[PDB]
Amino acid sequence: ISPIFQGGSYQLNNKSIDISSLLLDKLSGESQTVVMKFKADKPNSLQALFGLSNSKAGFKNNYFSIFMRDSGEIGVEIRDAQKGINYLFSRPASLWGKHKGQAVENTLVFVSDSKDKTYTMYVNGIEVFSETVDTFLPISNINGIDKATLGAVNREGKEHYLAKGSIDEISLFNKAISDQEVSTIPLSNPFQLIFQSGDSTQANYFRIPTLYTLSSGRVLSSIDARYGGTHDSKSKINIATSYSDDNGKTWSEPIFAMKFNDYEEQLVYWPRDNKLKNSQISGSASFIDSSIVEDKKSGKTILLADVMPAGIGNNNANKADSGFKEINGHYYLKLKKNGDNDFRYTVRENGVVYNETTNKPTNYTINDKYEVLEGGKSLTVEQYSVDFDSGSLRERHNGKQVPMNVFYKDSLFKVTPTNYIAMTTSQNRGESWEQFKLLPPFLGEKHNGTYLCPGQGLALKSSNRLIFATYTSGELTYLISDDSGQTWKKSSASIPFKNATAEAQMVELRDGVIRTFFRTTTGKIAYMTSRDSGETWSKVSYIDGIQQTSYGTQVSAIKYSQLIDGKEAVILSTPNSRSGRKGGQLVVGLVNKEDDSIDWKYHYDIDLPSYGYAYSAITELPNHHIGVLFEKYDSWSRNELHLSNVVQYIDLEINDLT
């Protein structure tokens, strides 16, 4: 099939282009596909790209448009007043505006299909919505259509929703094209996906990217594989990883670093409507917020993340309990058995489940997978699946037996419903990952564990010291290992905030000198300095020239290997906005070599100030390029929940930022 119409080079300068007598006659049949290569870097707040209308008096609501918002949202309207139909479908954060000081060419494919009664929209190869209706309205069945327009919808003789942008190609087909035919449409994409809907994780959502350059040249990525929409824990979540052996050009199929099997790995399309979006998987264990580092001495690659027991997240996590009973200097995991109201057991050496009440070992052991064995025989539980088939979220047993784990809901022996940290290690730089182990508590028996700061750990350049920053209430708590991850001690730093999400990332400015950048509740990024290689920390200061919202966002920061303008350089990645998680920037800081202060000298614009940018991972690639893996959406907004393929990868050179 050829196009029924094909246009090219249309300038949308707040003035509509009429294409009625090129298109309307050729429209026929009830199925259509719009293919549109458009640009829009200074978009109006709301603006229609393409529009078919009844332009006559009294039929203002008789029209189809493809519209966008300056927030990056894309959508369609299919309206007909005589039929009593008024369809509106959209997805936030669907568009790119600008990459490297250049308008991005978006590729839009809208599929209007009468056989399935489905309206499907792709932008840039990604499906952003797909909606089935009871009563289908072909876009060309709207009664009295007499205008085909670009850059407005002609309503009762006047231009509505005037567009500022440009259309490079618009085609229409009297055919609803196959998914196969969509993926053969060429793309000029400024981004690539490392993790995506459909890959081997089978999660439809991803949050909290990380990136790290290993010594071999491999770049490694970790992420939350988030199953229950984009919701934090409590949910189903796994830590997935992927690596690139070619400077970011290609990535390996994702694997798991940490996983749980109490709930099935399901690609689900969450619930974006207001009655159902807060549906949140409630019976599953999960991992959340990973951080990665390489150990120089052993060659190991170390990855930590938070571990949440079935049904737990930071909201309901038992503060006032670590999950451990200390016994002169040693820490043991506490266990609660079925039918008991108190925690009567601990996991002594070799995983011996020991009864603290009667002071006797039992027939039960916990293996290194935290799986429960009775007299050496594996115990199992039945797995859960999730579905919205009944019109609300159901969590129900699915027939499959999986090894029974102390973190699960159906386990005979359960861990304290609080939050933990675990580490895994790889000895092949991310090709496999050893079974995770729980870190001991750092703040006593009567305190829940700290929360890991997503991103990178710090591997000091001239020692064997590893550091992972964590946060808790009223302090930054650095975890420090001088033995390849075997042992850990804490180094506390008081922060002048109560209930901060003080997500912290570190740079080593010169040997022994660490600057930590972190999120606060002040609308500003904070920082402190150890000159101690992390033993002691300074008071808190703030960065001017960057704004954050009051709740803040995770900040990522790296020490660039090369000199910029003759100075040592620090790179920082954050949203720069007081209005939302949007207006993302890599900001380039030159270290003054005398006092260690930083002149934040260049601000690079990742996309339009109005376009979403949230958590972010950066790294210097072996070729001195910068890799960015970031959430291209507002991951705080209750309007942008549950979007697929918004965590994206881009490649930048220093020249691009300066």
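Numbers for residues come from their place in the sequence shown, where the first is 1. Basically, rigid core = biggest C-alpha set you can superpose within 1.5 Å across the two forms.
Fitting each structure in 5 other deposited structures of this protein onto the rigid core and averaging C-alpha distances over structures and residues, 324 to 332 emerges as the more displaced of 190 to 198 and 324 to 332. When the mean C-alpha temperature factors of 13 to 21 and 640 to 648 are read from the deposited coordinates, 13 to 21 comes out higher.
Remark: stretch with higher mean C-alpha B factor among 239 to 247 and 332 to 340 is 332 to 340.
Highest CA B-factor among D607, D596, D70, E631, as stated in the entry: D596.
The PDB entry assigns the greatest CA B-factor among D306, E181, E127, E434 to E181.
Among all modelled residues in this chain, the alpha-carbon of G391 has a temperature factor (C-alpha) in the highest third.
Split the chain's modelled residues into thirds by C-alpha temperature factor. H624 is in the lowest one.
The entry lists a Cα temperature factor for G29 that places it in the highest third of the chain's modelled residues. Split the chain's modelled residues into thirds by C-alpha temperature factor. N154 is in the middle one. In this PDB entry, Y471 carries a Cα temperature factor that places it within the lowest third of its chain's modelled residues.
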